[PDB]
Amino acid sequence: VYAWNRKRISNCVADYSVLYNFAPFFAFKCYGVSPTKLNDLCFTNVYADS
Amino acid sequence: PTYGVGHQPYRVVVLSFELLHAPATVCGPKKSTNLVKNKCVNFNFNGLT
Amino acid sequence: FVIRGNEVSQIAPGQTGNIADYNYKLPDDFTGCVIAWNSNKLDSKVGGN
Amino acid sequence: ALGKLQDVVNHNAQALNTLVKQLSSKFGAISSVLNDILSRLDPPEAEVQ
């Protein structure tokens, strides 16, 4: 957690349906955006912090 | 593994985005429609409706 | 009905899921109560239910 | 010499301009664009925004 991994996401087409197709995710909490409208919005500044 | 919930390790990952303040590079499998001129249409340009 | 433990948040007005849009949808002006409880003792089998 | 009538015009158009500029205000919401709020959020939080 003190050295949390930050990964770039750019220049790709992301299918967020496979988040829900296979899902061990007990907590799925989005703050400023709908989860099912994630497939309809085009993004940059996408970061994955694990 | 013998501990109960409240002290078990959870893998937590945060996805961060931005909205519309920059050119976009990532979105979903929605397929493009052809472009029309001089016609009243509702458009979805990179998430901008 | 019987669903997964992580899908009990999806039985709500305006929520997002597979069971939300393809199996059971609630209206936006829905009033009432959702009751969700674990059924591991009855609705689960060691060989797979 | 004609400053009165011009001031009347310079009130009225300025007021209309200010009213147009009030559409760019978030008013405590995530965005000042309604279409962005519709395309970004579920309807229960779209109610609030």
# chains A, B, ... in the order shown; residues from 1 in each chain; ligands from 1
>>> interface_residues(of="chain B", to="chain D", cutoff="10 Å", atoms="only C-alpha atoms", output="JSON, numbers by chain")
{"B": [19, 20, 44, 47, 48, 49]}
>>> write_last_selection(atoms="C-alpha atoms", output="mmCIF file, in the first residue's frame")
data_model
loop_
_atom_site.group_PDB
_atom_site.id
_atom_site.type_symbol
_atom_site.label_atom_id
_atom_site.label_comp_id
_atom_site.auth_asym_id
_atom_site.auth_seq_id
_atom_site.Cartn_x
_atom_site.Cartn_y
_atom_site.Cartn_z
ATOM 1 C CA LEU B 19 -14.066 13.976 -18.215
ATOM 2 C CA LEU B 20 -13.913 15.871 -21.506
ATOM 3 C CA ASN B 44 -22.306 11.102 -29.563
ATOM 4 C CA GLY B 47 -18.935 10.589 -24.995
ATOM 5 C CA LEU B 48 -20.204 14.116 -25.732
ATOM 6 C CA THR B 49 -23.922 13.825 -26.510
#
>>> interface_residues(of="chain D", to="chain C", cutoff="10 Å", atoms="only C-alpha atoms", output="number ranges by chain")
D: 41-46
>>> residues_around(residues="segment 8-13 of chain B", least_positions_apart="3", cutoff="7 Å", atoms="only C-alpha atoms", output="VMD selection string")
(chain A and resid 48 to 50) or (chain B and resid 3 to 5)
>>> write_last_selection(atoms="N, CA and C atoms", output="mmCIF file, in the first residue's frame")
data_model
loop_
_atom_site.group_PDB
_atom_site.id
_atom_site.type_symbol
_atom_site.label_atom_id
_atom_site.label_comp_id
_atom_site.auth_asym_id
_atom_site.auth_seq_id
_atom_site.Cartn_x
_atom_site.Cartn_y
_atom_site.Cartn_z
ATOM 1 N N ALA A 48 -4.768 2.840 -13.196
ATOM 2 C CA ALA A 48 -5.127 1.703 -12.351
ATOM 3 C C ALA A 48 -4.140 1.621 -11.194
ATOM 4 N N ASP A 49 -4.628 1.843 -9.973
ATOM 5 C CA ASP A 49 -3.788 1.890 -8.779
ATOM 6 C C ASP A 49 -4.140 0.695 -7.903
ATOM 7 N N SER A 50 -3.232 -0.270 -7.824
ATOM 8 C CA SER A 50 -3.472 -1.528 -7.133
ATOM 9 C C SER A 50 -2.633 -1.604 -5.865
ATOM 10 N N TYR B 3 -7.791 -15.666 10.434
ATOM 11 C CA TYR B 3 -8.524 -14.494 10.887
ATOM 12 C C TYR B 3 -9.834 -14.346 10.121
ATOM 13 N N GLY B 4 -10.818 -13.745 10.782
ATOM 14 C CA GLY B 4 -12.092 -13.454 10.163
ATOM 15 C C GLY B 4 -12.050 -12.164 9.368
ATOM 16 N N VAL B 5 -13.234 -11.746 8.916
ATOM 17 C CA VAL B 5 -13.348 -10.514 8.145
ATOM 18 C C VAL B 5 -13.111 -9.311 9.052
#
>>> atom_distance(atom1="atom CA of residue 36 of chain A", atom2="atom CA of residue 46 of chain B")
16.1 Å
>>> select_by_dssp(residues="chain B", states="strand (DSSP E or B)", output="MDAnalysis selection string")
chainID B and resid 14:16 26 45 48
>>> write_last_selection(atoms="N, CA and C atoms", output="PDB file, in the first residue's frame")
ATOM      1  N   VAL B  14      -7.962   1.191  -7.729  1.00  0.00           N
ATOM      2  CA  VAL B  14      -8.679   2.425  -8.001  1.00  0.00           C
ATOM      3  C   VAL B  14      -8.481   2.745  -9.471  1.00  0.00           C
ATOM      4  N   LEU B  15      -9.582   2.885 -10.196  1.00  0.00           N
ATOM      5  CA  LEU B  15      -9.558   3.360 -11.566  1.00  0.00           C
ATOM      6  C   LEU B  15      -9.879   4.844 -11.556  1.00  0.00           C
ATOM      7  N   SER B  16      -8.995   5.639 -12.146  1.00  0.00           N
ATOM      8  CA  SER B  16      -9.167   7.081 -12.215  1.00  0.00           C
ATOM      9  C   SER B  16      -9.280   7.487 -13.673  1.00  0.00           C
ATOM     10  N   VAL B  26      -9.517   6.087 -24.962  1.00  0.00           N
ATOM     11  CA  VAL B  26     -10.062   4.799 -24.547  1.00  0.00           C
ATOM     12  C   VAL B  26     -11.575   4.893 -24.335  1.00  0.00           C
ATOM     13  N   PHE B  45     -20.185  12.260 -29.844  1.00  0.00           N
ATOM     14  CA  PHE B  45     -18.781  12.434 -30.208  1.00  0.00           C
ATOM     15  C   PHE B  45     -17.942  12.243 -28.952  1.00  0.00           C
ATOM     16  N   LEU B  48     -19.508  12.836 -25.765  1.00  0.00           N
ATOM     17  CA  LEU B  48     -20.204  14.116 -25.732  1.00  0.00           C
ATOM     18  C   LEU B  48     -21.484  13.964 -26.545  1.00  0.00           C
TER      19      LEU B  48
END
>>> select_by_dssp(residues="chain A", states="helix (DSSP H, G or I)", output="ChimeraX atom specification")
/A:17-21
>>> write_last_selection(atoms="C-alpha atoms", output="PDB file, in the first residue's frame")
ATOM      1  CA  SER A  17     -18.472  -5.797 -19.970  1.00  0.00           C
ATOM      2  CA  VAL A  18     -15.778  -8.340 -19.045  1.00  0.00           C
ATOM      3  CA  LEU A  19     -15.536  -6.664 -15.641  1.00  0.00           C
ATOM      4  CA  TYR A  20     -19.025  -8.021 -14.998  1.00  0.00           C
ATOM      5  CA  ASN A  21     -18.681 -11.231 -17.049  1.00  0.00           C
TER       6      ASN A  21
END
>>> interface_residues(of="chain A", to="chain D", cutoff="8 Å", atoms="only C-alpha atoms", output="list in words")
residues 32, 33, 34, 37, 38, 40 and 41 of chain A
>>> write_last_selection(atoms="C-alpha atoms", output="compact mmCIF listing (two decimals), in the first residue's frame")
# COMPACT_ATOMS: atom_id res chain seq x y z
CA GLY A 32 -18.47 10.37 -10.30
CA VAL A 33 -19.68 8.06 -13.07
CA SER A 34 -22.32 5.40 -13.72
CA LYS A 37 -22.48 4.16 -18.80
CA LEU A 38 -18.75 3.42 -18.68
CA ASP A 40 -20.56 4.87 -23.60
CA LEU A 41 -17.98 7.44 -22.40
>>> closest_atom_pairs(of="chain C", to="chain A", cutoff="8 Å", atoms="only C-alpha atoms", output="tab-separated table")
residue	atom	partner	partner_atom	distance
C:6	CA	A:26	CA	5.7
C:16	CA	A:36	CA	5.4
C:17	CA	A:36	CA	7.2
C:18	CA	A:20	CA	7.8
>>> atom_distance(atom1="atom CA of residue 6 of chain B", atom2="atom CA of residue 11 of chain C")
25.5 Å
>>> interface_residues(of="chain A", to="chain B", cutoff="6 Å", atoms="only C-alpha atoms", output="CSV table (one decimal) with N, CA, C and O atoms, in the first residue's frame")
chain,number,residue,atom,x,y,z
A,10,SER,N,-3.8,3.8,-22.0
A,10,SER,CA,-4.0,4.7,-23.2
A,10,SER,C,-3.9,3.9,-24.5
A,10,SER,O,-3.3,2.9,-24.5
A,11,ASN,N,-4.5,4.5,-25.5
A,11,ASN,CA,-4.5,4.0,-26.9
A,11,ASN,C,-5.0,2.5,-27.0
A,11,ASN,O,-4.3,1.7,-27.6
A,12,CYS,N,-6.1,2.3,-26.4
A,12,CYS,CA,-6.7,1.0,-26.4
A,12,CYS,C,-8.2,1.1,-26.4
A,12,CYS,O,-8.8,2.2,-26.1
A,13,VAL,N,-8.9,0.0,-26.8
A,13,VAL,CA,-10.4,0.0,-26.7
A,13,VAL,C,-10.7,-1.0,-25.6
A,13,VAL,O,-10.3,-2.2,-25.7
A,14,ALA,N,-11.4,-0.5,-24.6
A,14,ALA,CA,-11.6,-1.2,-23.4
A,14,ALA,C,-13.0,-1.7,-23.3
A,14,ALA,O,-14.0,-0.9,-23.4
A,15,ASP,N,-13.2,-3.0,-23.2
A,15,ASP,CA,-14.5,-3.7,-23.0
A,15,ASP,C,-14.7,-3.8,-21.5
A,15,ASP,O,-14.1,-4.7,-20.9
A,39,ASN,N,-19.4,2.1,-20.7
A,39,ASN,CA,-19.2,1.7,-22.0
A,39,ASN,C,-19.5,2.7,-23.1
A,39,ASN,O,-19.3,2.5,-24.3
A,41,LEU,N,-18.8,6.2,-22.6
A,41,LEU,CA,-18.0,7.4,-22.4
A,41,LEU,C,-16.5,7.2,-22.8
A,41,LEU,O,-16.0,6.2,-22.6
A,42,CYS,N,-16.0,8.2,-23.5
A,42,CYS,CA,-14.6,8.1,-24.0
A,42,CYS,C,-13.7,8.9,-23.1
A,42,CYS,O,-14.0,10.0,-22.8
A,43,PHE,N,-12.5,8.3,-22.8
A,43,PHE,CA,-11.7,8.7,-21.7
A,43,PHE,C,-10.3,8.9,-22.1
A,43,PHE,O,-9.8,8.3,-23.1
A,44,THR,N,-9.6,9.8,-21.3
A,44,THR,CA,-8.2,9.7,-21.2
A,44,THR,C,-7.9,9.8,-19.7
A,44,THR,O,-8.9,9.8,-18.9
A,45,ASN,N,-6.7,9.9,-19.2
A,45,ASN,CA,-6.3,10.0,-17.8
A,45,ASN,C,-6.7,8.8,-17.0
A,45,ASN,O,-7.0,8.9,-15.9
A,46,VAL,N,-6.8,7.6,-17.7
A,46,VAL,CA,-7.1,6.4,-17.0
A,46,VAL,C,-5.9,5.8,-16.3
A,46,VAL,O,-4.9,5.4,-17.0
A,47,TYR,N,-6.0,5.6,-15.0
A,47,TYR,CA,-5.0,5.0,-14.2
A,47,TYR,C,-5.6,3.9,-13.3
A,47,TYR,O,-6.7,4.0,-12.8
A,48,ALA,N,-4.8,2.8,-13.2
A,48,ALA,CA,-5.1,1.7,-12.4
A,48,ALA,C,-4.1,1.6,-11.2
A,48,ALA,O,-3.0,1.4,-11.4
A,49,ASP,N,-4.6,1.8,-10.0
A,49,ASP,CA,-3.8,1.9,-8.8
A,49,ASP,C,-4.1,0.7,-7.9
A,49,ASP,O,-5.2,0.7,-7.3
A,50,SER,N,-3.2,-0.3,-7.8
A,50,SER,CA,-3.5,-1.5,-7.1
A,50,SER,C,-2.6,-1.6,-5.9
A,50,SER,O,-1.5,-1.2,-5.9
>>> atom_distance(atom1="atom CA of residue 14 of chain D", atom2="atom CA of residue 2 of chain D")
18.1 Å
>>> residues_around(residues="segment 31-42 of chain C", least_positions_apart="5", cutoff="12 Å", atoms="only C-alpha atoms", output="NGL selection string")
:C and (1-13 or 26 or 48-49)
>>> closest_residue(among="D:49, D:12, D:6, D:1", to="residue 26 of chain D", atoms="only C-alpha atoms")
D:49
